[PDB]
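Below: one structure, written as structure tokens.
Protein chains: 2
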Amino acid sequence: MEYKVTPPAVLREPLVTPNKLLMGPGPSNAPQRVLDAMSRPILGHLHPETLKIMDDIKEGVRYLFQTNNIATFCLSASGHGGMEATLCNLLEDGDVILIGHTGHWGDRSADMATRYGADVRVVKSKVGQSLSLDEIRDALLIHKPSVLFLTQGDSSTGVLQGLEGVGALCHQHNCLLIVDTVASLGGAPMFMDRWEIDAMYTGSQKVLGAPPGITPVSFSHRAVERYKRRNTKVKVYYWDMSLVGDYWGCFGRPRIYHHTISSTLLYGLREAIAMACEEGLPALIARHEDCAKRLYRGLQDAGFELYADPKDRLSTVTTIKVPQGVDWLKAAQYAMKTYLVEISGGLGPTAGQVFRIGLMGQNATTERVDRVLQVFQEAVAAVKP
Amino acid sequence: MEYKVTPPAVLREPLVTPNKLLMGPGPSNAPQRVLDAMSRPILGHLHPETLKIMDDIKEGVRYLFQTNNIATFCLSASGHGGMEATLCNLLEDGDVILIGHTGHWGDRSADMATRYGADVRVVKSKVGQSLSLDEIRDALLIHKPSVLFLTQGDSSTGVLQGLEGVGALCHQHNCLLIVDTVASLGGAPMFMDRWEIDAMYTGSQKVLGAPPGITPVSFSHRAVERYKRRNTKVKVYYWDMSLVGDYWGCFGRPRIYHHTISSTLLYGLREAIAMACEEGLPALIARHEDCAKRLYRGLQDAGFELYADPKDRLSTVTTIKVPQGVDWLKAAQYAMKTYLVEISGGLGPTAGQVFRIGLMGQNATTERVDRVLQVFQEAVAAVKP
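Protein sequences appear in the order of chains Y and R. Add 53 to the 1-based position in the first sequence for the numbering used here, that's all there is to it. Add 53 to the 1-based position in the second sequence for the numbering used here, that's all there is to it.
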């Protein structure tokens, strides 16, 4: 019996995972409590104890999102999967969607919407700015979409998009409002129901500090009604709102087999969410806002120039212009080799033009602000002509 | 300023995760080494230490699969994600796909294929049997598909589908062969390249005993060529072979950002794959076959009746007919309440018809076989007249 491929020598070496200060825009450092929880034994996907953990997670995301939506659950996918499922469920071929573009995430949602067969329209912000309510209204009137997509915290540009009045306006025009809060939840106000948002998701690895790979989502009654009026099945079984909602106990129905949830990731997320709910939103958001303000002061004292408009800044991700003369990638490598601290470059329209420093979860403390300020400064000084 | 939803009391309680013997068809009990590795700190999704782990995983999957395919990687999704991606990438609207149905997985693959816009044909095995080559050949001739989908180990019926000569036959007729090995890999022979299989995936949580949620996949040169002649983009960015392949270092292009992989699931999977590679395929699969043989002798001696034809049995999942007068659910509950041991009912077409005992990874040992034999018999005797 002949085996042309042999057992890899590489796998006889130990697994190596250096412990780093992750001060890029994500993932953030997991609290030790969430790491310890991910050593717990595996559970069956339909076991009562798993379902209880899932039930507890739902309450926690409703608190974090500030929603009472019955269709609140998590997707067994990284944060992109929230963008996929939201678009996949709420679009049919030819539907017109308006993308509010405030950075990379406008490009990515436009791409997915087009892959799903929608008629994609885009309104773009001014550079380093959010979209105004006027700009949103004007584009809505022009395009008459059935879905408007906005990113609350665009992590490529470090920009926080204001949301008040936008859901109400959409609903004057038979439009659903989808909002990405992956980078913004916990670091800026969010009230899903109050702001009349129809679909929303965040990530597990940003402010929460859970492992990447499971993503909380919620759909309003209006979004559920849209799903119910579809003429065809959603294109992906794996994302189908009704089926994963049933698995997560949301609607009238028996819990059945949809897929095997990762109980490991459930454990870390549940613990991450319990930590956040224990701090509470007012203190959690104020802590990130206050660390950002400390960072701005340190950066601006040192002669650095910030990318985003001062009125439009996202506390969790700070974009900073790469100074004339500096190789951003060399600066990044210097900080990592010398200190095991991560500083990042840009994303999409800001690739090569900015650094991005994340202040998220475990990392949004005055001590870690000071540490990243110190090492960012040295790394740039070390590579500058 | 007003929080209508209050921090949940439920999340103030300890997280509880009982340590059970998972002798259902998955997940299986994780080795302590995999649980330990999942407390390791998170890493950046594009850090060299993360890419190294991915590179090492690729080598281990090529070993396990027996393939040299360059397009080998893992999807950030549970096992259904392998089915989704394999179908998403290799099908365009109207493509004829033939599903070889040997149980539930035939229904699920037909469902996804139809959702993706394909023209779906089905050829169904005899009850509790695999498809014969002649049955496959006849169906190929009737339908002239461009893809054939088989499930090597159908865990709903406990049936192992024979694959020798089928990829060769498909290729004589201008057809790709996709194979699900989620339940069979490590428990039955598999030689991806030797058997001329064009796309294949397995699960992390079955024989491997990693956490659920990341799924090894591979695509042959012919599959890659099919992808390249598409005239439409694949519907889901999250599953796009060429983009996840680039993130995984497969095609000679720069690694870029596609999505944040889960560090935690990489660590558990890496370690589970290293362990399986250490044991080696000959010994791994013989161990699962020998344990199944012991289980069969124990079951039949006790007067139980096996569901799958004796020539078509899958070692890792044994379907046993529910005896007349036994409430299978009640029996399952008795075993869990008294011993914290999981035994399962059926799935799709075998629902209400069978118990399923999984012998996978850590649980394919003579000791655990003896344990499940003992608890199963006791559970059944407890609820029977």
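All residues carry an ideal CB built from backbone N, CA and C; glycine is no exception.
Candidates R:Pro71, R:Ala435, R:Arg306 and R:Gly211: which alpha carbon is nearest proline 363 of chain R's?
-> R:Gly211
Which residues bound the alpha helix (DSSP H) around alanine 166 of chain R?
-> 157–168
List the residues of chain Y that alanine 130 of chain R touches, going by C-beta distances under 7 angstroms, in chain order.
-> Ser129, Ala130 and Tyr291
Bridge partners of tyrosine 254 of chain R, per DSSP?
-> R:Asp233 and R:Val270
Mind checking who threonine 125 of chain Y pairs with in its DSSP beta bridge?
-> Y:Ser271
Where the alpha helix (DSSP H) containing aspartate 148 of chain Y begins and where it ends = From DSSP, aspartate 148 of chain Y is part of no alpha helix (DSSP H); its letter is neither H nor E.
Look at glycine 401 of chain Y and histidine 157 of chain Y and say whether their C-beta atoms are less than 8 angstroms apart.
-> yes
Cα-Cα, which of Y:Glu137, Y:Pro71 and Y:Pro78 is closest to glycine 399 of chain Y?
-> Y:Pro78
Taking the alpha carbon of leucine 261 of chain Y as the point to measure from, which residue in Y:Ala124, Y:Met328 and Y:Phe244 has its own alpha carbon closest?
-> Y:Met328
Under a Cβ-count criterion, where at least 16 other Cβ atoms within 10 Å of its own Cβ denotes burial, should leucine 75 of chain Y be classed as buried or exposed?
-> buried
Backbone CA spacing between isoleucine 106 of chain R and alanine 130 of chain R [nearest angstrom] = 18 angstroms
Cβ contact check for the segment 123–139 of chain R and the segment 251–267 of chain R: 3 or more pairs under 8 angstroms | yes
Look at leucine 359 of chain R and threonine 371 of chain R and say whether their C-beta atoms are less than 8 angstroms apart.
-> yes
Continuous alpha helix (DSSP H) stretch holding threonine 391 of chain R: start and end = 381–392
With 8 angstroms as the threshold, decide whether the Cβ of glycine 240 of chain Y is near any Cβ in chain R.
-> no
Confirm, please, whether the CB-CB distance from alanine 83 of chain R to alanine 263 of chain R is below 8 angstroms.
-> yes
Check whether the Cβ atoms of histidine 98 of chain Y and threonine 313 of chain Y sit closer than 8 angstroms, and answer yes or no.
-> yes
Output yes if chain Y places a C-beta closer than 8 angstroms to the C-beta of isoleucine 152 of chain R; else output no.
-> no
Residue burial classification, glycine 147 of chain Y (beta-carbon count within 10 angstroms, cutoff 16) = exposed
Any C-beta of chain R under 8 angstroms from that of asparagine 121 of chain Y | yes
For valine 433 of chain Y, I'd like the list of residues in its chain whose CB is within less than 7 angstroms of its CB, leaving aside the five on either flank, ordered along the chain.
-> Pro376, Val379 and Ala384
What separation, rounded to the nearest whole angstrom, lies between the Cα atoms of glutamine 386 of chain R and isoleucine 396 of chain R?
-> 9 angstroms
Which residue or residues does DSSP assign as beta-bridge partners of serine 397 of chain Y?
-> Y:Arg409
Buried versus exposed, by CB contacts within 10 Å (16 or more), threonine 285 of chain Y | exposed
Compare the Cα-Cα distances from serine 316 of chain Y to each of Y:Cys344, Y:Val87, Y:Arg247 and Y:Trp381 and report the closest residue.
-> Y:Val87
Can you find a CB in chain R that lies within less than 8 angstroms of the CB of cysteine 228 of chain Y?
-> no
Measuring only between beta-carbons, confirm whether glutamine 258 of chain Y sits less than 8 angstroms from chain R.
-> yes
Go ahead and label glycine 113 of chain R buried or exposed: buried means 16 or more other beta carbons lie within 10 angstroms of its beta carbon, across all protein chains shown.
-> buried
Is any beta-carbon of chain Y found at less than 8 angstroms from that of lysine 281 of chain R?
-> no
Residues near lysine 111 of chain Y in its chain [Cβ-Cβ closer than 6 angstroms; skip 5 each side] = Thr125
Find out if the Cβ-Cβ distance for the pair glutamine 214 of chain Y, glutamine 205 of chain Y is shorter than 8 angstroms.
-> yes
Who are the neighbours of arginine 115 of chain Y on chain R, taking C-beta pairs under 9 angstroms?
-> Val58 and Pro61
Could you give the residue range of the beta strand (DSSP E) that holds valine 176 of chain R?
-> 172–177
Roughly how many whole angstroms lie between the Cα atoms of residue 29 of chain R and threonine 234 of chain R?
-> Outside the displayed span of chain R (54 to 438) sits residue 29 of chain R, for which this structure offers no information.
Grab the span of the beta strand (DSSP E) containing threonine 371 of chain Y for me, first residue to last.
-> 370–374
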